[PDB]
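Report on the following structure.
All Cβ positions, even for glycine, are placed from backbone atoms using ideal geometry, and neighbour counts span all protein chains on display. What follows draws every value from the coordinates through simple rules; no lab data is involved.
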Amino acid sequence: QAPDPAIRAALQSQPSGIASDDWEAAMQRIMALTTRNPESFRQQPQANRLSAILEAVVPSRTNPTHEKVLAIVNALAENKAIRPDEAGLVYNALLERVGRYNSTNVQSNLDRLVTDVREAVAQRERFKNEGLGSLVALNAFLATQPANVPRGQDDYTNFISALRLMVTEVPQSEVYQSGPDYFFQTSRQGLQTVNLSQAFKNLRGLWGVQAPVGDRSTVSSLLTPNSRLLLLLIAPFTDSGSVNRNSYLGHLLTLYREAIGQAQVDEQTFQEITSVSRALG
Amino acid sequence: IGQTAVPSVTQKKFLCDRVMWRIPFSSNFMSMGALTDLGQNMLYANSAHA
């Protein structure tokens, strides 16, 4: 995950050993309460055994502002609001800004804001993992061509359901895209297998047309490879309404469900067959 | 000029007068907006320069 921004501020702005913050532990070095080594503080030279007692009995007061602001800047960098190389001049720009107008009011709403940016950073990784930015884009695409109005059969409803299901499931965040004009599904973020989904202008006239089963090479064998790719991509989400004779589209789905099956059982038997991988036959 | 033409040397010069010379403080010399890219870098630089 992306870390806690306030931890990553404190970790780079604060004392590495004992501070004038962790008073409770300093008063167990002093008083010999520390169960792991009681007599350690008793053996310090007077030169630092005595000044440590002073800072514990009358603590130094400090200004917390730089730790508040840096816990914002680290958050802005992680949320990608700013380039990481801007963090020194964004830190400075905020430090002068909040010092110029400094007050007890400002100091409180910096504190409010440090909690807010810490939560916003935790929320942003959820908002990338949940894929919602893709599910909204799919739900926008489904407004673009006749929703709930097929012609030859309503297996169109099952196929639309398989898109929503797939784009909810697939955890590399299959990206639905508005394009410049047409809507696209990218699948995996490395894009090799992108479908232009507004080019399911094929898969319009084909709902209900029965399979010409004896030979796939025939008059109605129309589909563009972009459309065959969409069928091959959704295939592991599709038994509902697609059984062979229900359409040529049903037949393609019954072949591609099993072609994916074949690919992953041939992987399971390839990674077996390649056992030696080196000369021995 | 002509057949009795004398040995010769050439002088090249130019004029542009209503103009005043310009040098844009821009990372390439084009007008890509009114507030130039280098003009913004110098805000984020938060520093004085001679």
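Condition check ((1) within 14 Å of chain A (Cβ to nearest Cβ); (2) surrounded by 10 or more Cβ atoms within 10 Å (Cβ to Cβ); (3) aromatic (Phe, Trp, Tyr); (4) in a loop (DSSP other than H, G, I, E, B)) across all residues:
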| site | (1), (2), (3), (4) |
| --- | --- |
| B:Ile1 | no, no, no, yes |
| B:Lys12 | no, no, no, yes |
| B:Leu15 | no, no, no, yes |
| B:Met20 | no, no, no, yes |
| B:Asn28 | no, no, no, yes |
| B:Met32 | no, yes, no, yes |
| B:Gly39 | no, yes, no, no |
| B:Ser47 | yes, no, no, yes |
| B:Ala50 | no, no, no, yes |
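Given the condition without any contact (Cβ under 8 Å) to a residue 40 or more places away in the chain, under 44 Å from the mean Cα position of the chain (by Cα) and assigned to a loop (DSSP other than H, G, I, E, B), answer yes or no: does some residue in the stretch A:36-53 qualify? Show your work before the answer.
Residues of the stretch A:36-53 that are without any contact (Cβ under 8 Å) to a residue 40 or more places away in the chain, as a first pass: A:36-53.
After this cut, where a residue has to be under 44 Å from the mean Cα position of the chain (by Cα) as well, the list is A:36.
Checking the rest, the ones that are also assigned to a loop (DSSP other than H, G, I, E, B) come to A:36.
There is at least one residue in the stretch A:36-53 that is without any contact (Cβ under 8 Å) to a residue 40 or more places away in the chain, under 44 Å from the mean Cα position of the chain (by Cα) and assigned to a loop (DSSP other than H, G, I, E, B).
Out of A:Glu78, A:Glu96, A:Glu86, A:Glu24, I need the residue that is touching a residue at least 24 places away in the same chain (Cβ under 8 Å) and on the phi < 0 side of the Ramachandran plot. Which one?
Result of the check over A:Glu78, A:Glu96, A:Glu86, A:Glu24: A:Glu78.
Give the stretch A:92-117 a look and list any residue that's loosely packed, with under 11 Cβ neighbours inside 10 Å and in a loop (DSSP other than H, G, I, E, B), or say none.
A:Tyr101, A:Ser103
Would you please name the residue that is nearest to A:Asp154 (Cα to Cα), looking only at residues in the stretch A:234-280 that are in a loop (DSSP other than H, G, I, E, B) and in contact (Cβ under 8 Å) with a residue 12 or more places away in the chain?
A:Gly241
Within the group A:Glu78, A:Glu125, A:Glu86, which residue is within 30 Å of A:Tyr176 (Cα to Cα), surrounded by fewer than 16 Cβ atoms within 10 Å (Cβ to Cβ) and not aliphatic (A, V, I, L, M)?
Unique residue meeting the criteria: A:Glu125.
Listed here are the residues, each with its yes/no results for (1) assigned to a loop (DSSP other than H, G, I, E, B); (2) hydrophobic (A, V, I, L, M, F, W, C); (3) under 28 Å from the mean Cα position of the chain (by Cα).
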position	(1), (2), (3)
A:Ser173	yes, no, yes
A:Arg188	yes, no, yes
A:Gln192	yes, no, yes
A:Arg204	yes, no, no
A:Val213	yes, yes, no
A:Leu229	no, yes, yes
